[PDB]
Amino acid sequence: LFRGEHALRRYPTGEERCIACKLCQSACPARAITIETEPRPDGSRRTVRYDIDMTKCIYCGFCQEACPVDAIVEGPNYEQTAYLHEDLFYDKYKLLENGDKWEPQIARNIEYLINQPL
Amino acid sequence: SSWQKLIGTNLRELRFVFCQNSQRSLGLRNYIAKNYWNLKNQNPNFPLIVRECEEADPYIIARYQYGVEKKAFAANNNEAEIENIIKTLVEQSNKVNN
Amino acid sequence: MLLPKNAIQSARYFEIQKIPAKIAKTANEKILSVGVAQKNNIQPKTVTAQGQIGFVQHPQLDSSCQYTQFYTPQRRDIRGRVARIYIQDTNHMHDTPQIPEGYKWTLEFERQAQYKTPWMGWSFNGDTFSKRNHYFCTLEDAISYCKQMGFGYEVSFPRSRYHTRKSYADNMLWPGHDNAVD
Amino acid sequence: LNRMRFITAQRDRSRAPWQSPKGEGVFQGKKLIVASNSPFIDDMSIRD
Amino acid sequence: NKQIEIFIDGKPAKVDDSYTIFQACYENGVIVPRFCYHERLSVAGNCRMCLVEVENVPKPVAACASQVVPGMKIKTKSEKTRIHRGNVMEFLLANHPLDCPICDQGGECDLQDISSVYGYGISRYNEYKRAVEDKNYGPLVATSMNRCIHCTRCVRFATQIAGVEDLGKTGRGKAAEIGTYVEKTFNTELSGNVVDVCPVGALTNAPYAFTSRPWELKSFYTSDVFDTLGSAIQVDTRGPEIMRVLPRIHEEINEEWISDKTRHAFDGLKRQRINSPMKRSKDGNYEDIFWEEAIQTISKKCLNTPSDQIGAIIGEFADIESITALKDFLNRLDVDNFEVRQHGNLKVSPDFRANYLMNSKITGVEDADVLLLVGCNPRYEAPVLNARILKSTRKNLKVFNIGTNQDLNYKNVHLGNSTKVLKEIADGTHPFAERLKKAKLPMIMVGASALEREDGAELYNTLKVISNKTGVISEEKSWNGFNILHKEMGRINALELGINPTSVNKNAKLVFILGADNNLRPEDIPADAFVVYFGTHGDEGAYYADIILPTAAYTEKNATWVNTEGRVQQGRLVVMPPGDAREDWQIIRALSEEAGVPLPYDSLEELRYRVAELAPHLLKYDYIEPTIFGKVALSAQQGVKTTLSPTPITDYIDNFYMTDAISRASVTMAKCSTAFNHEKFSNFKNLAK
Amino acid sequence: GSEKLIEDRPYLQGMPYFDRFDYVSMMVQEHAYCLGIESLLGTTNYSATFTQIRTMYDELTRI
Amino acid sequence: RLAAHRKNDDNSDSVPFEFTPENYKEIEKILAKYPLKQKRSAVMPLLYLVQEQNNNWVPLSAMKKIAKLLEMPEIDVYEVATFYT
Amino acid sequence: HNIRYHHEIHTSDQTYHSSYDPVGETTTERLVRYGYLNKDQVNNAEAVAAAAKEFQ
Amino acid sequence: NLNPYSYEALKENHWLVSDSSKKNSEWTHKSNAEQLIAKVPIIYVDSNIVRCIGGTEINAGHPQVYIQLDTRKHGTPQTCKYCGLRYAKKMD
Amino acid sequence: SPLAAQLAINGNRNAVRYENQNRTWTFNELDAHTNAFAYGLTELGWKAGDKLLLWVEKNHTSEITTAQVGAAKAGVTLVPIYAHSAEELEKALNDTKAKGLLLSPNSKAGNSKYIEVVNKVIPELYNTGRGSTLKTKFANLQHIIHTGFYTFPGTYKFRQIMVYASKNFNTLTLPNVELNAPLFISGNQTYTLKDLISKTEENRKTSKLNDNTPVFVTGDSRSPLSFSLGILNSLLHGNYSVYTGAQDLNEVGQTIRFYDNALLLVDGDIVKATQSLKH
Ligand code: SF4
Ligand code: SF4
Ligand code: SF4
Ligand code: SF4
Ligand code: FES
Ligand SMILES: [Zn+2]
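Residues numbered from 1 in each chain as written, not as in the entry; some residues may be left out. Chains lettered and ligands numbered in written order. Part of a larger assembly, values for the part shown. Heavy atoms only, no water. Residues with missing side-chain atoms left out of burial classes, pairs and counts.

K.L.:
Explain the overall build of chain A to me, please; I cannot follow it from the model alone.
P.N.:
In terms of helices and strands, chain A carries three helices and five strands. When the helices and strands of chain A are read in sequence order from the N terminus, they spell out β-α-β-β-α-β-β-α. Within chain A, counting contacts between residues at least 6 apart in sequence, those at least 24 apart form 72% of the total. In the form shown here, chain A has an accessible surface area of approximately 5,200 Å², with 55% of it arising from carbon and sulfur atoms. When the 15 basic and 19 acidic side-chain charges of chain A are each reduced to a single mean position, those positions are 4 Å apart. (Helix = DSSP H or I, 4+ residues; strand = E, 2+ residues; numbered from the N terminus. Contact = heavy atoms within 4.5 Å. Areas by Shrake-Rupley, 256 points an atom, 1.4 Å probe, with all protein chains shown as cover. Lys, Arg positive; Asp, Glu negative; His and termini not counted. Charge placed at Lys NZ, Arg CZ, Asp CG, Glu CD.)

Encoded structure:
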C-alpha cells in the first residue's frame, strides 16, 4: 500500500490506461494535478497534458483511489529526490517513463491488493 | 420658413431627446409630431434624430461643425417656445463656428 | 430567501434599496453634466428583486465604503471595481442537479488577467481576487455588501421560464372536419 | 532547447496568432492577395 | 374549478385545477426527479421516474402527466414513494453502460444526480447489458446510443421545436433504438440543442467532447452577437480558454434555444487572432510595432489629411461604446460621413427607432395572425425566431413570402420572388391585399439585405404605404406590425446613435475599417488611401489596411448591444483580449488625445454618460423602450419615389456556418460547412415538408 | 489558513488537513472529522465499530 | 432483429419500387376507409400491399414511396415497419 | 441481492426546539405585546378577560 | 491514403483529422500508445455482444463494457472506449 | 396540356429518378417544380420566344430537366450550348441573342471555371448593384442564372428564380403550352414540341419500347433525343426515366441490374445512342 511516486500505468497491450476523465484532478486535495484533454485522431479520449506538481503533492493516494482504470498509481519508489524545482515538475513524459520502469513491482502489489476482496 | 429651409446648411445634426409620458416633454413631443415632416421635407439630407426614454429631460441638441454640441433645455416649453429655441439654434452657427 | 417580504419594511432598510444619484466631480463628468443628469433621471429609483430593467451603478467611494478590508498598501485596485449581480440558474445541460442552483444571487467580478506560464503551461491569474464568485441569499443583501465594500454593481434580473398548460390529452387532440377546414 | 515549440502550442490553443504575410505580395488596389491557408476545402465551390 | 386545494406531504396548497401534479409540486418548491418530461415539450410517460404516492390510490401515479385532483394528498417523502423511485432507478440503471469516466455528461448528469439521491444505492443486475452501435449524426452530435434511456426527448424536440422529422423509436422491446433508421446526419440549424435536451450522454457536444468537466468551469451570462436577436447565452470557460457555449432561459428573446453559430462559432476567437499593432510596408510586409508608434502615425495622418477626405467603415461587431467613440472622434475632426462603400448601404433613416427596428418585437409572431416575409430567410438569419414562428404557425399563424422560396420547416405561401407582387399589393389590386385587410394582426418582416438593394428607399416606401393602407400599422388596435430583421449588430448600433448609413464619402483618403470584414471589395477603397483597421481576426480588413490595430472580441469587452427588436443587452467581459489588444473605445480615446482633440471619457462610466447624452434608452439594459412615434415615423408621404426594379429579391446568406470573420475562422464551422452544406443544398423546394 | 482551505474544498478533500493539525496524533483528528461528518449525516460507522479498527488505531495513536 | 437498416446494396436507395396499377386501384379503397385528414392510418395496409407485391419483404424504397404517398414522415414509416414483426 | 434497505431509513437527525417568553413578562404585558390587548386599554377586567380568551 | 480534412475521411474518422503515422499523436499526446495499440490486431468473437474488462479479473482493468458486434455493416470492427482493443464478429 | 396525361391518370407513380442526386420525383412533384420554374420565368418578364442558353454540364440533371419542361410550359426557347472558352461563350451569346443564360458555376471550362469565364466575358457583372437590372454590353442579355451555392453579383440562383405559385393568391398566368412554339435549337436546327413528341414516338416504335419499361439516360441530358426519350417519354407514356449524368458505366450497370428491362441511352461525344433492354 506504500504511497511513493505518482506514475501512469498502461495496459499489457501497451495502450495507456488513462481515459482523461479528470477524476484524479477533482479528487486531488492539493490541486496538484492539471489535466488537459484533446481526443486522439483515431477517436480515443486521452490526455494531451497530464502534469503533477510533486511540490504541491501531499502523497495521499486519492488519485489512485479515484482512478477507475488504475492508470495513476503511487509506486514504491521514494528515492525521487531532485536537485531542481523544475525537475520536481512531473509531466506526462516522466509519469509514463516512470510507470514503464516500475510496472513489474507495481503490477505485483496491485495484483495482491486486488486479490484481497477477490 | 427661411430658418427651417436653412437647417441643412446651418447645422450638422439635430437631436431631440425627451419622454413619452411626461408633462415636461409635452411641448417638445407635440412639436416633433406636428413639425417633423415639414423640416424633413425641407431638409431631406439633414440628420434629425428623435430619441425618447422613460424619464428623460427634454433636450434639443444642435451639433455644429467640428462636433460642437449645443444641447438646450426644453422643459415645460410651449410649441411656440420650442420653435423659438430651434430658431435660435439654427441662428447661432455663424457665431458658434467662428 | 430570495424574495424579501415587500409587505413589511422588515424586508430590508429603505436606504439599502435606494440608488444614489451620481454627482459630477471629475472634469469629464462636468463636461458631460447633461449625461449624468439624464442617467440619474432614467435609472431606477430603487433596486428590488421584482425589477425588470438591469442597471449599472457606479462605486460610491464615501463613508459607505468605510467597512472594506481590500484597501491595502499593496492593493489599491480592488476597491473601485464593478461586480455583476444576477441569479445564475442551473445550466441547460441538466434539469435535476444534486445541488440545485438559482436560489441565490451570484456576485461576480470580471477577470483582470489570465495567462499560461510557459514552463509547465500552467494557468495563472494576475488578480487573485475575483477567482471565486460570492453568493448572497437576497439581492438586498448583495447590494448592501456592495455599498459596504465600495463596489459598483451591474444588476441584471433573472429570466424565469413561463408557466405552460401541460396535459397528456394534448397528444391526442382531434384535428377537425375535413370539409369545414377546406 | 525546444521550449518555444511547447510555448507556442500552449498559446495556440486559445489565442493562436494570425500569420501575417512576410514579403512581397500581390496587390489588387489596396488589398494584399494571399491564398487562404485553411486545410479544409469548401467542396461547394468545387463541385460539378 | 378555479382554485382547488391539494396536500403536498401533508401541507395544504392552493393550486389551479389545470396544473399537473409535477407542476403543483414544483410551484411549491418540491423537486420531483424526471428524465422525459421537458417543461417546453409535450408530456410523455416514457420513463417512470416521476411516480409519486397519493393517498387512497393503489397505483403509483406519474406526477408529470396526471392533473391535480381536488382534495388529494401527495406523499413525496413517504417510504412508498422512496421505494417507487428506487425501483424505477434500478430499472433505468440495469442496462446502462459503465461509461461515466469516458462520458461527457459526468458531473452534470441527471441520471447520476438522481441515483445519488433517489436511487437505492447499489446494483444487483449482474447480467449482460444491451449494446447498441453508435450512429453518425455529423460533426456536432456525438452519439453513444448504449447510454440512451429511451426518453424520446430528442424525438419530441425535433418534431415540435426544430420541426424536422428524422428521429424516432425503431423496433420494440429492449432492442429499440432512438434515432434515424437510415444512416443520415442531424442537420437542422438547431443541432446543438438535442445535446441539451438529452438527459444522458447519449447525445453530447462533439466539438466540446472530452475537453473538460463541469466542476472545473466558470460560467458567465452574456449576449450573443452572431445573430441580430442577441440570444442570451452562458459561456463556460476554464482559465484563459473558452470551453463551451450553452443556451440561457430568456422567453423574450430565444426561449431556451440557440443556433449552431451561437453555440459553435465561439472557437473562431481562438485562432487567426490579431494580438499586436502592425504596419504594412510598400511591398506588403507586415511588421509588429508598438501602440505609441501606430497612434502617432494615425494622428499625423489625421492632422495632415483634409476632413472631406476622411471616411470610415462600421463593421458587424461594433458596439454602442465603440461606435460612440468613433463618431465623436470623427466629429471632432469635422467628419460627418461614416461609410465609404457606395454599394450595399442600408436605405433606412436613423431618425426613428420605429423606422429602423422590429416594432412588433420577437413575441409579435406569437401575437400576430398573418406574417409576410419580404426577402427574409428566418431559417438562417435567426433559427430560434424560425422555431418560434413555427410554434405560432401551429396554432393560428399564416405565413406568406415574396422572396426566395426558402425551406422553412412550416408551410408558407409563395406570393412571388420579385417586387412585382409588392407593387401590386401597394396598388391594392392583389388578392393578398384583402388577406391583410381581414387579418386581425398583420406583420411584415423585411430583411436588411432586402432593404440594402439599389432601390432600397423605394422598397422601404412601398412597404410603408402597404403597411399604412392595409392595417399593418394601426392605432385602432394599437398594433405596429412593420418589422425589419437586421443582419449586422454593428448596423443596429450605428442606427441607434444617429449615424446615417447613406452618408457615403465618394473619395476618401483616410479610411477607418471598424472591424468590417464582409461585403468588402478591392475597388471600394482607393489605391492611395491610408487605411486603419480596428480588427480582431485577419481575413479581409487586415489585407485592406496599412495599419492594423487589434481589438477585443464581444467576449473580451464590456459592451452594449442592440437586439434588432430594440433590446439593450449588456455583453460582459469573459476573458481579456489576447496579447496587447485593446477594446476599441480606449484606442479611439487615445488616438483622439494624441490628435489634439481629446475625448471626455476616462472610463466606461463616462463613455456611458456620453451615450446617455446621445440616447438615454441605451442605459436601460434588457429592456425595450416603447416608441410613441411609430405611425408618425412610418407614415406614407406624397411624392416619394416607389419605383422598383423587376429583379428578384434575394437572401444574402449562402453558407450559414460562415457569415462573419469569427465564423470563417472556426474549425467547427469549417467541419459544418464540409458536412452539411451539400446535404442542405437543393435548387428545388421540399414539397413533402 | 487550514480552516479556510477546508472551507474551500469538499469534505473528503479537506480531511487530510486534520492529519497536519496534530502530526504527532494523526489519526485522532481524522476520527474527530469523520465523527463530525457522520453526525451531520446522522449515521454511524458500523463497519469501523465492529472491526474495532478505529479504537485500536486511536489507542496506537495515543501510544 | 436489428432495429436499423442493414448496409445492404440490394436494399439501398437506388433500388426501384413502384406500386402496381392494381395496387394503385387497391389503395383507393384503403384510403377511403380512413378519414381524409388521417392518411397516416393506411401505413400498415400499404406495407402489407408492398409485402404482397415485393416477394414477401418490404424494401427501403417501398418505405420511401409509402411515406411520400401518405404525406407522413419517412422516419415514422420506418418506425411502423420495424415495430411489427 | 437485497438492495432496497441499503440506505439507512432511520437517521439521528431529530432536532427539538423550545421557545419561551420572558419570565418577567406579566399576563397583561404579554397580551399587549401579542396585540390581543391595547396599550392604554388596561386595568379593565372585561377587556383583560376578552384579551385572555382571544389569546387562549 | 486519402487526404485528411476531406468529407470521406472526416465521415470515416468520427469527423476528426485522421493521422496514419501516429507520431503526431506521439508528440501531441506525449505517448506512443496509439502506435502500440495499432500493433494489436482485431479480435473475432462469435457472439453479437462481447464483454471487455481490460484484463483477466475485476478491478485489474477497466469497468465492464459491452460492445455490439451486430452492426449495420457486417463484420464492422468496434473499438473499446476504455482500452484500445478491437472486436468483430467471427464471420459477419 | 400535352404533358399532363400521366399527371391526370394517377399522379402518384414515379416519373423521373436522378441517381447522381438521389432525388425521386413523382408526376405531381415534377409538375409542381416545372410550374414553379415557369411562373418564375413569367414573373421576370420572360415573354414568349425569349432565348435561354443552357450551359449546365451533365451533372445537374434535375435542373436541366426542370428548365426544359418549364421552357416548354412557359413558351421560351431553350438552346443548349457547348462553350469551352470565353471566345466561344461570347460568340454564342452574340449569335443567339439570348435573354438568359443558365450555367453551372463550378464546371471547368478548361483552365478556368464557367463563372469566371462569364465574369471575363461580362465585366459589368462584378460592379452590378444589388437588386438592380444589369447594364451589360449585350443588347438583350437580361438574366444570368446559376445552379451554384454562392452568390455572385449580377447573377441569381436557380431556386431564387423559381416561384411556387399557390392555388388562391397567385396572380401570374401561364400561357397554354404550344406544340408549334420552338423549344430546342441544337445543331443549327430548331426542334418544336410536336417534333420532339414525334421523335419520341418514332424511337419508341423503332427501339422496342413498351409503356412500362425503365430508360436509363447516361451522361448529358441537354440533347434533344435525350429530352425526348427521357422526361418527355415519362410525361407522355409514363415510362420510368432514370438520369445518370456523369456516372461511370459500372455504376450505371449496377443501377440497371436494380431494374428488369432497362433501355440504356449510352452517353457519348456524339448524340446519345441506345442499346438493348437489360444487359
Ligand atoms: S497523492 Fe494525493 S496530493 Fe498527490 S497527486 Fe495524488 S491525489 Fe494529489
Ligand atoms: S482518474 Fe485515472 S483515468 Fe481519470 S483522468 Fe485521472 S489518471 Fe486518467
Ligand atoms: S449518461 Fe454518462 S455520466 Fe450519466 S450515468 Fe450514463 S455514462 Fe454516467
Ligand atoms: S437519445 Fe437522449 S434525448 Fe433521445 S430518447 Fe435517448 S436519452 Fe432521451
Ligand atoms: S417525468 Fe413523468 S413519466 Fe417521465
Ligand atoms: Zn476494454
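K.L.:
How do you make sense of the packing of helix α8 (residues 320-332) of chain E against helix α19 (residues 604-614) of chain E when you look at a structure like this?
P.N.:
All names here are of chain E. Close contact between α8 and α19 brings their axes to 10 Å; oriented N to C, the two are set at 75°. Relative to α19, the element α8 lies roughly perpendicular. Residues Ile 320, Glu 321, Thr 324, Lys 327 and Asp 328 of α8 form the contact with α19, whose own contacting residues are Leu 604, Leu 607, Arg 608, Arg 610, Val 611 and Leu 614. Looking at the contact of α8 with α19 residue by residue, the class counts come to five nonpolar, one polar and five charged. (Axes fitted to C-alpha atoms, helices over the stretch in contact; angles between N-to-C directions. Parallel < 35°, antiparallel > 145°, perpendicular 65-115°, else oblique. Nonpolar A, V, L, I, M, F, W, Y, C, P; charged D, E, K, R; others polar.)

K.L.:
Looking at this model, I keep getting lost on the pairing of strand β2 (residues 11-15) of chain E. Mind explaining?
P.N.:
For a regular strand, the rule is simple: side chains alternate between the two faces of the sheet. Residues and elements named next belong to chain E. The sheet contact formed by strand β1 (residues 4-8) and β2 spans five bridges and is antiparallel. The residue bridging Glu 5 from the neighbouring strand is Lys 14, located in β2. Connecting β1 to the antiparallel partner β2 that follows it, the hairpin turn spans two residues, and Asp 9 within it adopts a positive phi of roughly 55°. (Pairing = 2+ DSSP bridges.)

K.L.:
How should the site of ligand 3 be read in this particular structure?
P.N.:
Residues in contact with ligand 3, as listed here, are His 96, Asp 99, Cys 100, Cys 103, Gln 105, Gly 106, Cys 109, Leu 111, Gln 112, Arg 147, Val 200 and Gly 201 of chain E. Among the residues forming the shell around ligand 3, the class breakdown is five nonpolar, five polar and two charged. (Near = heavy atom within 4 Å.)

K.L.:
What is the right way to look at the pattern of salt bridges in this model?
P.N.:
As a working rule, side chains carrying opposite charge can pair if their charged atoms are close by. Residue and element names in this part refer to chain C. What the rule picks out here adds up to 118 salt bridges over all chains. Residues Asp 77 and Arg 81 are paired through a salt bridge, measuring 3.4 Å at the closest nitrogen-oxygen approach. We classify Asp 77 as partly exposed; its relative accessible area is 33%. Assessed through its relative accessible area of 8%, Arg 81 is described here as buried. (Salt bridge = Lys/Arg side-chain N within 4 Å of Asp/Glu carboxyl O. Buried < 20%, exposed > 50% of the residue type's maximum accessible area, 1.4 Å probe, protein only.)

K.L.:
Teacher, can you tell me more about the coordination of the zinc ion (ligand 6) here?
P.N.:
Metal coordination angles have textbook ideals: 109.5 degrees for a tetrahedral set of four donors and 90 or 180 degrees for an octahedral set of six. Residue and element names in this part refer to chain I. Protein-derived coordination of the zinc ion (ligand 6) comes from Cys 52 (SG), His 62 (NE2), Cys 80 (SG) and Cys 83 (SG), at a distance range of 2.0 to 2.3 Å. Taken together, the four donor atoms coordinating the zinc ion (ligand 6) and their angles of 86 to 127° define a geometry best described as tetrahedral. Between consecutive donors of the zinc ion (ligand 6), the numbers of intervening residues give the motif C-x9-H-x17-C-x2-C. Taking relative accessible area as the criterion, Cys 80 reaches 4% and is therefore assigned buried. (Donors = N, O, S within 2.8 Å, 3.2 Å for Na, K, Ca; no water. Tetrahedral: all angles 85-135°; square planar, octahedral: opposite > 155°, others 65-115°.)

K.L.:
What is the right way to read the interface of chain D and chain E from this model?
P.N.:
Size of an interface, as often reported, equals the accessible area lost when the parts are brought together. At the junction of the two partners, chain D supplies 26 residues and chain E supplies 41 residues. A combined buried area of about 2,800 Å² lies between chain D and chain E, and 53% of that area is made up of carbon and sulfur atoms. The largest contributions to the chain D side of the interface with chain E come from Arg 15, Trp 18 and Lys 30 of chain D, which together make up 31% of the buried area. At the surface where chain D touches chain E, the tally comes to three salt bridges. The salt bridge involving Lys 31 of chain D is made with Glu 540 of chain E; its shortest N-O contact spans 2.5 Å. Looking at the side of chain D that touches chain E, the elements with two or more residues in it are α1 (3-15), β1 (26-28) and β2 (31-33) of chain D. Ranked by residues supplied to the side of chain D that touches chain E, first place goes to α1 of chain D with four residues. Each residue belonging to the side of chain D that touches chain E can be placed in one class, and the counts come to 10 nonpolar, seven polar and nine charged. (Buried area = accessible area lost by both parts, 1.4 Å probe.)

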